[PDB]
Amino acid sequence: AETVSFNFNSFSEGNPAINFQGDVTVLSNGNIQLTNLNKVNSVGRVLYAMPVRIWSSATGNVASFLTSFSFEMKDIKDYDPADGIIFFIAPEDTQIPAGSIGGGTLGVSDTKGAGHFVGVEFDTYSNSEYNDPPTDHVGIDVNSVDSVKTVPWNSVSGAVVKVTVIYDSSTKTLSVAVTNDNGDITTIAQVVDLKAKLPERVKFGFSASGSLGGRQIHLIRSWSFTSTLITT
């Protein structure tokens, strides 16, 4: 079995294991702040430096993975708390879209909301152009921010949210369990064929963004990950 596993309880600038793209910043307390509160259309993304081989062309096997992380979003004054965070899986050469407008693209797609990635979003702003639900929500995105499936949710300012994600290679099911701070859990599951949507080697990470009038603190506090590919 081919297994990749890591665990970050705090992050630091200068760690070869992590790739920073955009307005990312590592705070003194170990937290990663994804966007710059003073920039227009700010976009920040952090990825695990090492590419993970999620499926094999030789055997046709797809890996299963278990990951869990925790974030926090907080309101800053005079601005609309937007736009949110997205845990994504993209090709190994992934870069922030060329003329990114930040905002509702969450830093992973273009103006129409298209991109090459699969991910779980925690959207705090309703962009009608992307057919966003009228409330905050968690959604599964497959090559687009016009979510394949969404579930109502509620982002609480200053609250530490915990998430657990399991992807079963067999059923190709991606399930998410979000534990809010009030104790209640929110779940969403969807069948996604990683092998048909992504290349053999990909990179996992987080991305967040804002606009001109929408800005808020997007923090990543911890992240653990484990994937196992059955080699034959």
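Basically, rigid core = biggest C-alpha set you can superpose within 1.5 Å across the two forms. The first residue of the sequence shown is number 1, and the count goes up from there.
- A fit on the rigid core, followed by a root mean square over CA positions in 9 other deposited structures of this protein, ranks 100 to 108 against 74 to 82 and picks 100 to 108 as the more shifted one.
- Per-stretch RMS Cα distance to the displayed form in 9 other deposited structures of this protein, following rigid core alignment, is highest for 91 to 99 when 91 to 99 and 136 to 144 are compared.
- Look at the C-alpha B-factors of 80 to 88 and of 98 to 106. On average they run higher in 98 to 106.
- In this entry, 186 to 194 shows the higher mean Cα temperature factor of the pair 199 to 207 and 186 to 194.
- Looking at 127, 143, 155, 150, the one whose CA carries the top B-factor in the deposited record is 155.
- Highest CA B-factor among 21, 15, 222, 216, as stated in the entry: 15.
- When the modelled residues of the chain are ordered by their C-alpha B factor, residue 37 lands in the middle third.
- The PDB entry assigns residue 164 a C-alpha temperature factor belonging to the lowest third of its chain's modelled residues.
- Residue-level temperature factors show residue 228 in the middle third of its chain, judged at the C-alpha atom.
- Placement of the Cα temperature factor of residue 58 within the chain: highest third of the modelled residues, per the deposited record.
- Among the modelled residues of the chain, residue 121 sits in the middle third by CA temperature factor in this PDB entry.
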